[PDB]
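K.L.:
fold the following, please.
(chains A, B, C, D, E, F and G, ligands or ions: 4)
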Amino acid sequence: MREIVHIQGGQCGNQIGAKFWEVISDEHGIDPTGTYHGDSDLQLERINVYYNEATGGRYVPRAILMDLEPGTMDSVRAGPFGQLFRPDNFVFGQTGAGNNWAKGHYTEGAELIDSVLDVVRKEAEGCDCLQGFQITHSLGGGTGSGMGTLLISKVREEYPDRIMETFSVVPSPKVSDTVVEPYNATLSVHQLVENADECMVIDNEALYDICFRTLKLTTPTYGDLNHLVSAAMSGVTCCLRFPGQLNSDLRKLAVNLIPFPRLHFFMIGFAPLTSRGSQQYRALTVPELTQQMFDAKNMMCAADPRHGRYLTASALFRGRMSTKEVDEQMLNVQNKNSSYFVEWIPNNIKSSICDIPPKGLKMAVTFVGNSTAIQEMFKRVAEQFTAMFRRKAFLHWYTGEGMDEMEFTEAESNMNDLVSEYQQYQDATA
Amino acid sequence: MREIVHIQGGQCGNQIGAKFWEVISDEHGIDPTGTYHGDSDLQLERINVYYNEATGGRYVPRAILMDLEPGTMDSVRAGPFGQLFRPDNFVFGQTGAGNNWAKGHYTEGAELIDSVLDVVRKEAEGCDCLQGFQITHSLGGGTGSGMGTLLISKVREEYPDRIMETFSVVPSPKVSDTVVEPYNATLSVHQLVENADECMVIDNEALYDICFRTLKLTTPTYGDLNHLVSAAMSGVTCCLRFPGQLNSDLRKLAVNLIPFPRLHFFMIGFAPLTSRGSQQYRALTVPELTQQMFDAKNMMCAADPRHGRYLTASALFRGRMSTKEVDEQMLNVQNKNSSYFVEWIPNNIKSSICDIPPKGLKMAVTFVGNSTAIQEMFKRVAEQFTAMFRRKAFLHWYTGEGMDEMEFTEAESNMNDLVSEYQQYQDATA
Amino acid sequence: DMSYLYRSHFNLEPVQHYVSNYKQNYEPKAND
Amino acid sequence: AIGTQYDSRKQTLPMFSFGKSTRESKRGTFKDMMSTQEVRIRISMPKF
Amino acid sequence: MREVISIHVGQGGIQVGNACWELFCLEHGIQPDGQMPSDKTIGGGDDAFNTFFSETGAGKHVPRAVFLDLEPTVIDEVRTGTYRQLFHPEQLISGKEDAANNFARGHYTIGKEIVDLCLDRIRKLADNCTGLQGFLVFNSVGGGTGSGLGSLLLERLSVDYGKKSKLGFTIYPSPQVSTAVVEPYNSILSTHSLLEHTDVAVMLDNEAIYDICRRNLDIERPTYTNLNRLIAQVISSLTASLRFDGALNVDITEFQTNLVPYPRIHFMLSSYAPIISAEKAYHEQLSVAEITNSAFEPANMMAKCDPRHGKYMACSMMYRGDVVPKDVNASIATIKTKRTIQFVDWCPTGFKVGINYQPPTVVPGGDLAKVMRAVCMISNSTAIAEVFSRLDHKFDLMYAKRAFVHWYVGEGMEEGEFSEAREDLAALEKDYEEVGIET
Amino acid sequence: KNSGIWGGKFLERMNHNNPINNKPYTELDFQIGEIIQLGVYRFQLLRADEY
Amino acid sequence: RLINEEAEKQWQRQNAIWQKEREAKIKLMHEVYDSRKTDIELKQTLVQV
Ligand SMILES: Nc1nc2c(ncn2[C@@H]2O[C@H](COP(=O)(O)OP(=O)(O)OP(=O)(O)O)[C@@H](O)[C@H]2O)c(=O)[nH]1
Ligand SMILES: Nc1nc2c(ncn2[C@@H]2O[C@H](COP(=O)(O)OP(=O)(O)O)[C@@H](O)[C@H]2O)c(=O)[nH]1
Ligand SMILES: Nc1nc2c(ncn2[C@@H]2O[C@H](COP(=O)(O)OP(=O)(O)O)[C@@H](O)[C@H]2O)c(=O)[nH]1
Ligand SMILES: [Mg+2]
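P.N.:
Residues are numbered from 1 along each chain as shown, chains lettered A, B, ... in the order given. Ligands and ions are numbered 1, 2, ... in the order given. Right below this line is the structure:
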């Protein structure tokens, strides 16, 4: 009941999904051949949230993997847990987009979307009662940034009331893995602002800093990055799958988080995290958990929260703890940080509790915060984009496929308007 | 009781029969020597439908094999289960028609048909109670497309009240192997529409696509194509030979699928069909069977059903199932896709259930849909016919043995009028 | 082998799978 | 019983719709799971 | 299901194709006979060799290459060498009369009779592929036949196939060291021809790699084979990501969309590292920071140009080995911080990065040694205008007195053909100095 | 490698005796596979150097 | 179960034909190459004479 399907696209999207399904299967005790071997009774009560039943008692994920080149899927299948995925659900292109938003949104993806939209319609329809969709994609690659946003547009035009959640990897200028990142990033965000019910941003630079500074591990890997993202993803929807003191699903968070329709870009955080050499030194308590939630370095986004003011915050706890300790700690922090919280909104922290912690953990926390501080990354990408665009750099590769510079002008204007409106509330007073 | 005899002609029809009788023998537990070795005796209650009893306790098919060339008959005699057939019913010429409809319908077919008509009338009068007759043939070849139709007209002339069924394989322009196909196809359809009570159209191109796509096998053969066609043919009359919740014989289908006398060209399909690799991934349920039968790509014709609207639909279920799911799925699918269903006829889908599933499958479904989408194949065949006919290409071969261009013009006019009248009910509104 | 680069290196460490509702059970009955 | 009813006990059954994917809408790949597995054998080459 | 097709025209092209096809066969495990060892027993498999080879259904593998030449000596040597069993007997197209460094002969007189067979073979080879990624073309530019046939081939392919990507690996004549005396004329004509017809072109002049061999490999007496080995290793570095799994995969189509600011600017210069002999390779750790520094010091450039003399537009880098993206980011940060490297103002970011796992292989009896990490970089920068300027001065000094002009006029080429090439080169120089100015 | 403990020098250069017999440790006690109690930490000598 | 035995038997009979055509093709292929070989040696032996 109120189950959700999974849609992922692009190389980064497939890599995210390969570990997200890994961690969820570990949580629900499913072996890589798909047969239940769990211990607790609760582990099977809410299986249908992510899995479908098949004859012989096997479970199959309801996920759809799309990409414009076959190599990524051919690689991800061969790994562990790769046999769970239904073979029919792979949708793919034979040429690729080559980091071109025009190619991935106008020429090739437009032709390819028929099959993937058919299969997503089938998977959504087969479900009992829909809750919403989640997408994972990166804004630095052309094929992802185009195909994902165009699919979002069409799926919204078909399901106006269901909730949509998007996990966007945005390119920071420090780790700039592609020279054409600003173009397709701005084009993607322009379409995403109008359609995405929720978007949460993830920064590779912030992941790298966290892995180097908190975990104290020498050489991080993309596996560790995907592991962090997977834990964060599981923390949000653990409530939907397990009973708790205050269950709070996606619609709850959506209605309770966004003051205004066009401000739905969040940054998230997870706790606790430590090296095993300090894993026994630390004492797992609610004050420790809140200290680690609201520490600046814990956020996996490059935005500094102390440079702006929080519009609102939300914390979901996992494990058994008293409601009094949680509420009193929240009130204490809200009183001690009166400067960084916008004054005209009273009691702007949401709390939720789930009794089943992550495997191996006694307590844990996933945090989602909406603050005015994320304007810095928009301003930076806008500056880089206008630096590219004033001299018409790389422009013909995009304009040769039916797209013109009027769309570029409109996208820049809309994003600038968003930034100005988003800082408008920052200095608003009552 | 109330049985039906089998007549086949032409190479394609003989190859169809060679697999149809074999699969029927498998279903009824009969060895290639004609001695029962089945496990149940339900397999013997209605053995009178196709098999006659001979002294010595053996069973024989009641099939009449007729051809103008002995090569195919000699080849099919040597195959497995080729000893069942009565040696007497084999009737064949000495020259062949040379893919010439005129030669196969006017000169040699007329002089030869006396013997085959005598044997078929003997088989008919010997029986207890006649249900009708069924034919399997292809319209792309001269000998079949001519002499089969002449036999159709003759048989109707002595049995005005019996039901008459034909499986016609029509030549699609994609898989084209004879340059004179449009001429004989149009000439055969002109005669078929006036006499055949039921016709079902099969396209090699559609079969080839089904084999390549849903079965995911690289190198099919005519054996596999014949297997699919034979399974489809058996599923139509399974409920006649076996008990069920709602038995419904061919006369029931004729009553419930024919709005007007001349609209009797159906397209059929079978479910489920899955690849060997995904055989154990799938879960067999009534929603799966219905969504697979109503899929566009599963249809055995090249016509795209969503280019038009269904007039009537019929579903024949096999296995242990209850009326709830069947009836409600029909209602629900008709409600959800009301745009593709004609409106001035309410509840335009019939369902029937048989308790004995095919050997090896728990559930099975045969789908027969009379829809206005088949106008495309008629349009294409008429276009090719008139394109070849404007220059009087190949016309001297037909005009040298009795017919003239007047009959060709009449056939074209009747064909176009059929197209116009068939499309007339598409746009009609209540 | 690339096992040094495929998998993660995370360690985060029974009878912890009972609902908080399972504080509700048993408790037998105790002039002029 | 013949429509949509809501309760934690009893579920709602699906209502499929025909797709708009063409007969030839590209997409291939993954020839590892085929029925045939076309034949490969070994013969040594002559030295010419 | 991804394939590319390679063209080798000119004697230098053939001699570098020999080296590259040695390296690819060695890397993929096919013996010179063309048949993989029966002891290895690979069994059922695909991809890998599929990028460059095509399976015979049962046995040997045909490289997806074609060799073109008019002088048969090199082709005869190949057909009598140890690789005579590998290549197809009718894909080694050889003529009878050499162009003799005459561009007019190779563009108007005798190449027309060979180009038809070449295009027929190209069509036959392309009909086999289904996921064609693009074309590679190799040709020495200072040779008449190579330049003329390459120009004609590109001109025909641009209209025969259209939007398919092509990469040109040209060896420009060196500033002061040269073999013949007539290179300037045919070089300028070839550049004019290829300017509007190649998507990406790379610089492969001689003295630069010659100094590389002198300094790093410590070879006082090198021959063309060592240079061909170096170029082959660079080709392997470029094409590894197509046929081997990596965390950040980059296709050949991911170049014209990331390295080309304007359709006119598509000439680029490359570097590779490390280049260390086995006697001293194991004395140092060869870590990512120093290797990516070595990729950038001007002395290790594969083109005789000073990057210090101009601004950068874009650098695209491939790493192969056990390198990690954290170290890659750390090195890129230091490179950005360094004050001796300047990027253009309208490109605050200019780095494209790709990562692949398979370490580069060694050729036994070769010069380079086993190293677990390697990086190959391609840069587009404004400094390349110097070579165009120097060849312009060279061509002007000659065209002033109209020397050797009859050797081109008498073969059917119009007299003023050199003029439009000169104005095109002037326009290219103007475009370079125009994009080099800040805002 | 690639696990991240702040490892290093665990005990410093110092000399101390065995608690049971109250005599200083010598070469005889340091035999491979023996159990030595240094202060509070007990160690088992797994493998030794070739020298 | 009773469904599963019938399914297994169907699959066995269907696999038999694929097997049969497989050995037919592979022996044909062996004959093809054995016939290829026996002319090149004739060419060399004719060269000497
Ligand atoms: N890098 C490299 N360049 C070579 C090699 N051999 C020749 N060249 C260059 O090629 C130029 C002349 O062209 P060649 O490739 O030798 O011959 P060609 O291109 O077939 O033209 P023709 O000599 O007229 O037949 C010379 O100036 C050399 O610089 C080589 O082995 N490696
Ligand atoms: N967290 C994470 N990020 C990735 C991964 N693979 C790629 N990325 C990011 O995605 C960006 C490039 O995206 P790209 O591969 O071009 O996406 P695509 O164009 O849709 O295939 C880079 O900046 C990477 O930081 C991964 O496995 N994990
Ligand atoms: N199903 C099936 N169809 C066949 C077979 N052989 C031929 N056909 C079809 O039959 C058509 C030719 O019919 P033809 O043999 O000339 O009919 P005839 O003139 O009555 O003998 C072709 O278009 C084929 O598609 C077969 O083995 N199986
Ligand atoms: Mg030469």
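K.L.:
could you list the domains of chain E?
P.N.:
Recorded structural domains for chain E (assignment: CATH domains of a matching chain) are E:3-267, E:268-386.
K.L.:
tell me the secondary structure for the closest residue to residue A:23 other than its chain neighbours?
P.N.:
Sequence neighbours aside, residue A:230 is the residue nearest to residue A:23 in space, at 4.3 Å (criterion: Cβ to Cβ, 6 or more residues apart in numbering or on different chains). In this view, the C-beta of every residue, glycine as well, is placed from N, C-alpha and C. Classification of residue A:230 using DSSP: H, G, I helix; E, B strand; the rest coil returns helix.
K.L.:
residues in contact with the residue of the stretch 101-250 of chain E found nearest ligand 1?
P.N.:
Nearest to ligand 1 in the stretch 101-250 of chain E, going by Cβ to the nearest ligand atom, is residue E:143, at a distance of 2.2 Å. Residue E:143 sits next to E:10-12, E:99, E:101, E:186 when contact means Cβ atoms under 8 Å, 6 or more residues apart in numbering or on different chains.
K.L.:
could you do residue A:83 as well?
P.N.:
Here residue A:83 is in contact with A:32-34, A:77 (Cβ under 8 Å, 6+ apart).
K.L.:
quick revisit: any idea how far residue E:106 is from the residue of the stretch 101-250 of chain E closest to ligand 1?
P.N.:
Distance from residue E:143 to residue E:106, counting by Cβ to Cβ, to the nearest Å: 9 Å.
K.L.:
skipping adjacent residues, who's closest to the residue most central in space within chain F in space?
P.N.:
In chain F, the residue lying closest to the centroid (Cα atoms, centre = their mean) is residue F:43, at 5.4 Å. Excluding the flanking residues, the one nearest residue F:43 by Cβ to Cβ, 6+ apart is residue F:36, at 5.4 Å.
K.L.:
just residue A:329 next, same as before
P.N.:
Of all residues not flanking residue A:329 in the chain, residue A:290 sits nearest, at 4.9 Å (Cβ to Cβ, 6+ apart).
K.L.:
show me the contact partners of the helix or strand containing the one you found.
P.N.:
Here residue A:290 sits within helix A:286-294, counting by DSSP states H and E. By Cβ under 8 Å, 6+ apart, the residues outside helix A:286-294 that reach it are A:269, A:271-273, A:282, A:298, A:315, A:317, A:321, A:325-326, A:329-330, A:333, A:337, A:363-365, A:367.
K.L.:
ok, 7 Å please
P.N.:
With contacts defined as Cβ atoms under 7 Å, 6 or more residues apart in numbering or on different chains, helix A:286-294 is touched by A:269, A:271-272, A:282, A:298, A:315, A:321, A:325-326, A:329, A:333, A:363, A:365, A:367.
K.L.:
neighbour-wise, give me the winner out of those.
P.N.:
Counting neighbours by other Cβ atoms under 10 Å in any protein chain shown, residue A:269 comes out on top of the contacts of helix A:286-294 with 26 neighbours.
K.L.:
can you pull the contacts of that residue?
P.N.:
The neighbours of residue A:269, taking Cβ under 7 Å, 6+ apart as the test, are A:293, A:298-300, A:367.
K.L.:
next to ligand 2, which bits of chain D? Give me the list.
P.N.:
Applying the criterion Cβ under 6 Å from any ligand atom, no portion of chain D neighbours ligand 2.
K.L.:
point me to the residue of chain D nearest chain F.
P.N.:
Chain F sits closest to residue D:32 of chain D, with a gap of 33.1 Å, by Cβ to the nearest Cβ.
K.L.:
ramachandran angles for that residue?
P.N.:
Backbone torsions for residue D:32, taken as degrees, to the nearest 10, come to phi -60, psi -40.
K.L.:
could you do residue A:369 as well?
P.N.:
Note on residue A:369: backbone dihedrals following degrees, to the nearest 10 are phi -130, psi 130.
K.L.:
show me what it bridges to in the sheet.
P.N.:
residue A:267, residue A:313 (DSSP bridges).
K.L.:
ok, it touching residue A:308?
P.N.:
No: look at residue A:369 against residue A:308 with Cβ atoms under 7 Å: they stay out of range, at 10.7 Å.
K.L.:
between those two, which one's more packed in?
P.N.:
Between residue A:369 and residue A:308, counting by other Cβ under 10 Å, residue A:369 is the more crowded of the two (24 against 19).
K.L.:
and that one, how far from ligand 2?
P.N.:
As defined by Cβ to the nearest ligand atom, to the nearest Å, residue A:369 lies at a distance of 20 Å from ligand 2.
K.L.:
spit out the contact partners of that residue.
P.N.:
Residues in contact with residue A:369 (Cβ under 7 Å, 6+ apart) are A:266-267, A:305, A:310, A:313.
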